[PDB]
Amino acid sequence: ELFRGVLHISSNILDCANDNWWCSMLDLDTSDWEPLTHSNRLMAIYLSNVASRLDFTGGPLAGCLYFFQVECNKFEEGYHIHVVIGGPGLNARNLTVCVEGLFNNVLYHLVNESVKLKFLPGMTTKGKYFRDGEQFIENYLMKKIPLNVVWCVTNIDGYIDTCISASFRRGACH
């Protein structure tokens, strides 16, 4: 059903933030989260920005189900976005180009320097794109606790609210 992939965000990209990134007007509901500040807020804004444009997007990404999770790199500085997405217009021949276009088109608006994110899809043993994204969400992504997971966006019923709920994420762990 749902594809899987990762985008890496080096810390150099955060340094190039312009006023459009900082002066974001969108609401980050941290009523059940850790305080989002500095680059964690910048990445939460970016992830919320990409989802916002996606909810009313057209083309192959219209009518798609998505679940994006930005997390801190486990051993280094920087972040990585776990990307789970799937839909009628979305197939293996355009998945990479659609995901890279979507995330980069938003990022261009928010930075001072020329940057590009590279999408790397999860591959099976035979090189075919993985399609176990919903179970990846359930068994792994939703079992992260902030601020290991920094922010999260989704349009899938059930995760629409639980995904940014620290108390619910601790339930999926236990």
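Note that residue numbering begins at 1 and tracks the sequence as displayed.
Chemist: Per the PDB record, is the mean Cα temperature factor higher over 28-36 or over 53-61?
Modeler: Comparing 53-61 with 28-36, the higher average CA B-factor belongs to 53-61.
Chemist: Which one, 107, 149, 142, 45, has the peak C-alpha temperature factor per the PDB entry?
Modeler: That would be 149, according to the entry.
Chemist: Would the CA B-factor of residue 159 place it in the lowest, middle or highest third of its chain?
Modeler: For residue 159, the deposited C-alpha B-factor lands in the highest third.
Chemist: Please say which third, lowest, middle or highest, residue 112 falls into when its CA temperature factor is compared across its chain.
Modeler: Tercile = middle for this residue's CA B-factor.
Chemist: Can you work out whether the C-alpha temperature factor of residue 118 puts it in the lowest, middle or highest third of the chain?
Modeler: For residue 118, whose C-alpha B-factor we compare with every modelled residue in the chain, the answer is the lowest third.
Chemist: Mind checking which third residue 76 falls in for C-alpha B-factor across the chain?
Modeler: Answer is lowest: the recorded C-alpha B-factor places it there.
Chemist: Quick one: classify residue 4 as lowest, middle or highest third of the chain based on its Cα B-factor.
Modeler: Lowest third.
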